[PDB]
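Protein chains in written order, with this note's numbering: chain A, 456 to 767; chain B, 2 to 317; chain C, 3 to 320.
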Amino acid sequence: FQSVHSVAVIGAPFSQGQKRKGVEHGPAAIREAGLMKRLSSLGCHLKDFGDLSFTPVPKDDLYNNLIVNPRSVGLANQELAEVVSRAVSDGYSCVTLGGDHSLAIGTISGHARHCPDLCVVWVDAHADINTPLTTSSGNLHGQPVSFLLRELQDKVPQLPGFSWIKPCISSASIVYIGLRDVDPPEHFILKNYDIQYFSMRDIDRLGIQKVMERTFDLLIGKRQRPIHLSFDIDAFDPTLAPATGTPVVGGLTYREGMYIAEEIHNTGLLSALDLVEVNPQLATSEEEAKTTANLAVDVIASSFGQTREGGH
Amino acid sequence: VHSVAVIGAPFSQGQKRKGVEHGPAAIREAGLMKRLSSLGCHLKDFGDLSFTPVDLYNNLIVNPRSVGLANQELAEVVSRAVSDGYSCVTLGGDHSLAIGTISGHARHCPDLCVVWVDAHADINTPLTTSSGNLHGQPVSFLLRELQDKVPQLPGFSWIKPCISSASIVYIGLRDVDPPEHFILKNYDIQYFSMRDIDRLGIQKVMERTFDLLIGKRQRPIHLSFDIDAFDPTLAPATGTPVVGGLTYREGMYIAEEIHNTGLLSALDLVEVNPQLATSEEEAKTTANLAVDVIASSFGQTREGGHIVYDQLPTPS
Amino acid sequence: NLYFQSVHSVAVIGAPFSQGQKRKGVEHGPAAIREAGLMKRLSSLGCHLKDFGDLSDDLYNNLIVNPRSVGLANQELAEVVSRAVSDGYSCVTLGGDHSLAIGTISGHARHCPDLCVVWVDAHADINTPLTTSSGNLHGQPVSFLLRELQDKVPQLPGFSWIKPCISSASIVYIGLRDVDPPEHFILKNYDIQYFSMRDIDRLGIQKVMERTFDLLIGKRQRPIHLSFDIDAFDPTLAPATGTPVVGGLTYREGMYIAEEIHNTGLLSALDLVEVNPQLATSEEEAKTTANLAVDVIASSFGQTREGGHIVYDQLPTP
Ligand code: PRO
Ligand code: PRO
Ligand code: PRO
Ligand SMILES: [Mn+2]
Ligand SMILES: [Mn+2]
Ligand SMILES: [Mn+2]
Ligand SMILES: [Mn+2]
Ligand SMILES: [Mn+2]
Ligand SMILES: [Mn+2]
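Here it is, written out as structure tokens:
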């Protein structure tokens with residue numbers, strides 16, 4: 456094979472960062488679409504940690520009539536952070552299957568425990584950077600980055616179950632790609648703190664090649680750094696990825712998404728990847744659910760060396 | 002903070018396919034007013050105009066009287082909306098309604114320029130049309146340099162040609178009749194076909210469009226936007242669909258660039274025909290797309306940048 | 003219409019090969035494309051037309067299926083194409099599976115030894131009889147044609163008539179996205195130039211066509227052979243085909259390729275292959291694929307998005 460990678464796979468069947476049921480079946484859907492076989496065929500040394508079972512929290516209602524399930528979200532992420540830490544500690548590139556995007560709190564925190572100069576490429580229709588004070592929905596899947604960013608620490612209140620989190624990335628160390636549904640406060644956060652982002656509009660103008668070039672220039676232009684790719688399937692157009700809870704029209708094409716993944720592979724710096732927000736229960740047909748899972752597998756496989764030219 | 006007037010113009014007699022008169026209602030139902038309200042627009046809804054009801058012309062041109070007259074009535078409403086300080090959004094209805102909207106707009110803004118976003122040039126004369134459908138001719142009646150090639154139709158004498166060939170640019174062209182192509186080339190009318198977009202990219206297409214129309218000075222902009230500019234996969238509920246059109250992204254980009262000028266004075270969103278859809282979702286997606294065009298033309302962004310946001314809350 | 007920007011002489015041959023692969027139905031490609039109104043469309047573009055109509059075995063090494071039927075059918079097809087081209091026609095062949103390019107290219111080369119090939123396809127179809135995993139000859143045609151690969155290619159039954167006729171420098175691929183590892187090796191090792199979908203994502207279709215022509219006709223005008231597999235298009239656009247691969251050309255990119263081919267004035271033969279109406283799930287899927295096939299062929303002979311191919315004389319006056 457062109458290159459061998461050691462890859463751990465963690466299922467995180469978690470739904471409480473949002474209100475729509477079924478995203479907890481994300482990890483199963485992706486698995487049934489053949490993830491392990493595909494990574495095997497590419498030369499990957501694989502370790503399957505299986506699908507985690509998160510400790511429920513009995514009482515966990517609306518916090519200040521706004522934040523939904525903070526204790527469950529906080530604890531599930533604390534648990535996931537331990538496993539991701541273990542995997543990275545053991546030397547694996549850590550693939551976590553979601554589950555809603557609240558789980559990036561745990562995956563990035565866990566990763567950061569071993570990589571002080573970690574950087575993040577966040578591929579998403581959404582910035583997910585509302586603080587608990589700026590959120591309109593109160594859904595923590597739209598807040599994960601606020602708890603991780605050092606610059607926002609003074610703006611984030613201490614939520615129950617969240618005391619264990621330490622901000623671990625600076626505003627210069629995360630680049631967003633694919634944005635198209637951004638709240639006014641999130642826009643203010645991005646601009647005010649100099650967080651670099653390439654919205655769908657930036658991609659329309661520059662094209663995905665220049666987007667990736669600039670992305671790497673910003674993050675790894677001066678030195679090599681481990682990369683955490685946090686990939687929300689809703690980055691893709693809903694015609695390609697319909698089985699997801701917060702679809703937004705005018706997303707990435709299949710080609711652009713593969714291009715992102717291929718460029719991440721080509722760095723040789725991919726250290727962890729999240730594939731989140733696949734909700735097969737939201738598909739209007741079996742083939743809608745299966746196409747979304749198949750697309751998830753293509754993203755992950757391309758991140759680990761699958762190409763459009765038979766070079767693997 | 003835009004003041005926006007919405008006029009329902011249920012034109013159907015510019016073409017032969019029934020249903021297009023329900024376009025203005027389909028768009029309303031898709032939640033147009035809620036969207037423009039969330040954008041901080043000052044809104045006036047004129048409701049749907051009831052035109053006064055009314056023989057073929059040279060055995061070809063159909064219902065021309067009804068079309069000519071309804072356009073005269075439309076043009077007065079647009080004139081007075083513009084006058085009352087509103088940006089004028091006219092919901093269609095077939096594209097023959099542009100005769101009335103551009104005419105009425107050119108009364109108070111003589112220096113207007115036109116961005117025509119369409120699969121079609123709609124510049125056949127009453128003598129070059131094969132179909133006889135007036136939705137395929139509106140630009141011939143409006144264009145100054147073309148007057149001696151256009152005969153006087155019953156109901157159309159009121160129309161004073163108000164735009165020169167250098168003040169209209171087309172974007173999206175892919176189904177242009179031979180006489181149309183002749184007109185485009187011989188009158189030096191600038192256009193960016195699908196093929197020009199494939200070469201240049203929509204960013205460059207918009208830069209060059211504005212260079213041509215407002216390169217010398219700021220001017221009021223009239224955006225005449227036919228939903229069939231978009232690929233039929235995206236906008237299937239429409240009468241003359243043509244494969245290989247704009248993507249969702251390209252169309253939002255045009256609207257956004259139009260907004261970013263701060264010059265948009267009037268906008269037509271034409272040719273949504275809910276009855277031509279093969280299902281209720283196809284009908285609804287077409288109307289949702291129409292809303293997205295209008296909202297982006299007035300400030301909706303892909304970046305959350307529509308409102309001013311000054312200060313983060315503190316747990317302080 | 004009396005007046006056109008250009009007038010082409012075009013021969014049409016139906017070549018319903020199905021034996022270069024295993025799925026039934028592709029032999030109905032030529033009928034599907036004719037029923038989508040191909041002849042009418044070409045007439046409307048001012049072409050002089052000659053319609054040649056539609057033309058009408060043990061495993062090799064326990065793998066390669068139908069070598070004699072395929073090798074021999076291609077010998078016959080080669081004759082028809084050579085005749086058409088010799089008589090001054092740009093020769094359009096409707097497939098049928100892609101194994102037919104063995105015949106069309108070999109025949110074309112008899113009269114046009116200096117031809118170049120633009121191969122538009124999800125696949126490189128450059129497996130040898132020794133590297134192929136499927137045994138399907140439609141995945142092997144380029145290996146028979148290429149000079150530099152002759153010593154890597156064994157003599158098959160039905161194939162003694164074929165002389166390799168193109169050098170590795172005279173073929174450029176566009177659209178590649180499903181390349182077997184031994185195919186990747188050949189491409190790199192013989193320095194065959196290709197624009198994969200990834201290359202199109204980076205350069206854009208305009209620069210891909212510019213660079214393609216710089217590679218092939220940059221030094222001198224040469225007859226162009228366009229071998230165009232419908233599966234180069236995204237399966238959402240061309241679902242009716244045997245080996246569909248996600249992430250393909252858009253409608254606009256495909257038409258752009260054909261328009262630029264037309265603009266060279268050098269198009270000398272064109273294959274339009276792999277349309278299999280039976281693999282559609284609906285009549286609209288089948289007809290869309292056939293209509294797209296017609297749009298490709300039409301656009302190769304002057305159909306454009308802007309409507310300048312028919313020449314208009316003067317506007318009537320009232
Ligand atoms: O915070 C939220 O819940 C939404 C999710 C997408 C953008 N903001
Ligand atoms: O003139 C007509 O009626 C048609 C409409 C689109 C192109 N020409
Ligand atoms: O040789 C074959 O049969 C396959 C078909 C596409 C790629 N190679
Ligand atoms: Mn997200
Ligand atoms: Mn998202
Ligand atoms: Mn129109
Ligand atoms: Mn139109
Ligand atoms: Mn092929
Ligand atoms: Mn192919």
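Idealized CB from N, CA, C, for every residue including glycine.
{"Query": "Closer than 7 Å: B:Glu-181 CB and nearest ligand 6 heavy atom", "Result": "no"}
{"Query": "B:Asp-119, DSSP secondary structure in three states", "Result": "coil"}
{"Query": "Assigned exposure category for B:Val-2 - 16 Cβ within 10 Å defines buried", "Result": "exposed"}
{"Query": "Outcome for B:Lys-150 when other beta-carbon atoms lying within 10 angstroms are tallied against a minimum of 16", "Result": "buried"}
{"Query": "The beta strand (DSSP E) enclosing A:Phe-504, as first and last residue numbers", "Result": "500-506"}
{"Query": "C:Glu-276 Cβ short of 7 Å to ligand 9 heavy atom set", "Result": "yes"}
{"Query": "Rounded Cβ spacing between B:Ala-238 and B:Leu-277 (contact assumed at less than 8 Å)", "Result": "5 Å"}
{"Query": "Distance cut-off 7 Å: C:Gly-141 Cβ against heavy atoms of ligand 3", "Result": "yes"}
{"Query": "4 or more residues per run - each alpha helix (DSSP H) lying fully within the region 113-176 of chain C", "Result": "143-147"}
{"Query": "Near ligand 1: A:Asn-524 beta-carbon under 7 Å from a heavy atom", "Result": "no"}
{"Query": "Limits of the unbroken beta strand (DSSP E) element including B:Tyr-310", "Result": "Unbroken run through B:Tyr-310: none, as it is neither H nor E."}
{"Query": "Inter-residue Cα distance where the pair is C:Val-277 and C:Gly-250", "Result": "16 Å"}
{"Query": "Near-chain B residues of the region 654-665 of chain A (beta-carbon distance less than 7 Å), N- to C-terminal order", "Result": "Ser-654, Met-655, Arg-656, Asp-659 and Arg-660"}
{"Query": "B:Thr-262 Cβ short of 7 Å to ligand 3 heavy atom set", "Result": "no"}
{"Query": "Under the three-state DSSP convention, the category B:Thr-241 falls into", "Result": "coil"}
{"Query": "Local Cβ density within 10 Å of A:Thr-762, reported as buried at 16 or more and exposed below that", "Result": "buried"}
{"Query": "Between the CA atoms of B:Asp-189 and B:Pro-179 - distance to the nearest angstrom", "Result": "15 Å"}
{"Query": "Per DSSP, cross-strand counterpart(s) of B:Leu-247", "Result": "B:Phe-231"}
{"Query": "The region 502-533 of chain A: positions lying closer than 7 Å to chain C by Cβ", "Result": "none"}
{"Query": "Check whether A:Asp-672 and A:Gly-553 have beta carbons under 8 Å apart", "Result": "no"}
{"Query": "Endpoints, alpha helix (DSSP H) assigned at A:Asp-659", "Result": "655-661"}
{"Query": "Continuous alpha helix (DSSP H) stretch holding A:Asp-753: start and end", "Result": "741-758"}
{"Query": "Neighbour list for C:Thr-319 in chain B, Cβ cutoff strictly below 9 Å", "Result": "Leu-128, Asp-149, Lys-150 and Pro-152"}
{"Query": "Cβ contact check for the region 251-268 of chain C and the region 296-305 of chain C: 3 or more pairs under 8 Å", "Result": "yes"}
{"Query": "Residues proximal to ligand 7 by C-beta, any heavy atom closer than 5 Å", "Result": "B:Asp-119, B:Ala-120, B:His-121, B:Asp-227 and B:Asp-229"}
{"Query": "Interface flag, C:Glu-308 vs chain B, CB-CB below 8 Å", "Result": "yes"}
{"Query": "Members of the region 610-638 of chain A that neighbour chain B once the beta carbon cut-off is set at 9 Å", "Result": "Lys-610, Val-611, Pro-612, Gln-613, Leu-634, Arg-635, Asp-636, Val-637 and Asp-638"}
{"Query": "Pairwise C-alpha distance: B:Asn-261 and B:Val-309", "Result": "15 Å"}
{"Query": "A:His-683 Cβ short of 7 Å to ligand 8 heavy atom set", "Result": "no"}
{"Query": "Nearest-angstrom Cα separation, counted from A:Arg-680 out to B:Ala-291", "Result": "45 Å"}
{"Query": "Contact under 8 Å by Cβ, C:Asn-138 with C:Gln-23", "Result": "yes"}
{"Query": "From B:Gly-156, B:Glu-22 and B:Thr-102, residue whose alpha carbon lies closest to that of B:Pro-275", "Result": "B:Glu-22"}
{"Query": "Identified DSSP bridge partners for B:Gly-9", "Result": "B:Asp-49 and B:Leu-92"}
{"Query": "Among C:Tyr-175, C:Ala-111 and C:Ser-88, nearest to C:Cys-167 - alpha-carbon criterion", "Result": "C:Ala-111"}
{"Query": "Chain A within 8 Å of C:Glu-185, Cβ atoms only", "Result": "yes"}
{"Query": "B:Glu-208 at chain A interface by Cβ criterion, 8 Å", "Result": "no"}
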